[PDB]
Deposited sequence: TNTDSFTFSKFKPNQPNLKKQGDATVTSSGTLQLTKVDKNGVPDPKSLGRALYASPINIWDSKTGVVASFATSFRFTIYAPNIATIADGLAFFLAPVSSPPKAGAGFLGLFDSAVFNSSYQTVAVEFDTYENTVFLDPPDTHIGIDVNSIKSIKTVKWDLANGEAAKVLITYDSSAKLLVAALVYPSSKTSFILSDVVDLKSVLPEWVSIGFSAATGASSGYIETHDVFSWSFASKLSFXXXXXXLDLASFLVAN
């Protein structure tokens, strides 16, 4: 059984098990800021950021044809100084070693254009903040499942609680092939969930890097932070003590 795991309960200015791409920084205070935030905490336009774990994960194996199970939770904050105008969102993702940032804004760092392409080999769960009709975005802000796509194969409503902290759990069960993303604001006591069957074995290579990508608006005023506070991950490729995972890590 091939296993992979880490917990970051805070992040650090010196974090060599994390590869920063784009504008991503870790502040002195230990917030991973995925996207550009000026000195008075004001988010900034035309930004793009990704942060992925130093090490590859073996997500499926072609000798056995077996597909890994995984669990990730993380805690993040989106702050808008002006909630009427916000863009573009953040995503948790899986992609090949060594994927680089694609186009920004509503492509969220993971894709290059509206269309589907098997070469992306990216799946991500997006937390999508600005409606792009071009991508068949729903009118409400929404959690989204993207598989080589940016046009989510499934979405649901997600009401941003401005400047408030969100706890996420994302979960993938190899035998059901079920993907589930939970989102909770302990402050507002509101909650959101989504699930779909998605076949990791057709869309991802055997090895993958995982992490976060975020973009802000391409038109100033349309602005927000994408600050991540802590991040936990575990994958298992057999041939996932999950109650034990949530509670511990």
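- For this chain, the deposited residues without C-alpha positions form one stretch, 240 to 245.
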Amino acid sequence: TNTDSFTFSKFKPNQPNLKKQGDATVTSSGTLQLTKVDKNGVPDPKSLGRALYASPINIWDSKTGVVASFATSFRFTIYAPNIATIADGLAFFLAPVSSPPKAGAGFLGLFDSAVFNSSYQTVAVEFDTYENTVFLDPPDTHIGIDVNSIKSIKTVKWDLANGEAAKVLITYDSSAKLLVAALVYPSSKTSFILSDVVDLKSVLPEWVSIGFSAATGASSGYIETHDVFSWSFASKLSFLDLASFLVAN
From here on, numbers count along this sequence of modelled residues.
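- According to the PDB record, 116 to 124 carries the higher mean C-alpha B-factor of the two stretches 116 to 124 and 90 to 98.
- Relative to one another, 150 to 158 and 78 to 86 have unequal mean CA B-factors, and 78 to 86 is the one with the higher figure.
- Residues shown: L48, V197, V26, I57. Highest C-alpha temperature factor in the entry: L48.
- Across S213, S220, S191, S209, the entry's maximum B-factor at the CA atom is seen for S220.
- In this PDB entry, the Cα temperature factor of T3 sits in the middle third of its chain's modelled residues.
- Among the modelled residues of the chain, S230 sits in the lowest third by CA temperature factor in this PDB entry.
- Split the chain's modelled residues into thirds by C-alpha temperature factor. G163 is in the middle one.
- In the PDB entry, a CA B factor belonging to the middle third of its chain's modelled residues is recorded for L204.
- Annotation for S69: C-alpha temperature factor in the lowest third relative to the rest of the modelled chain, per the entry.
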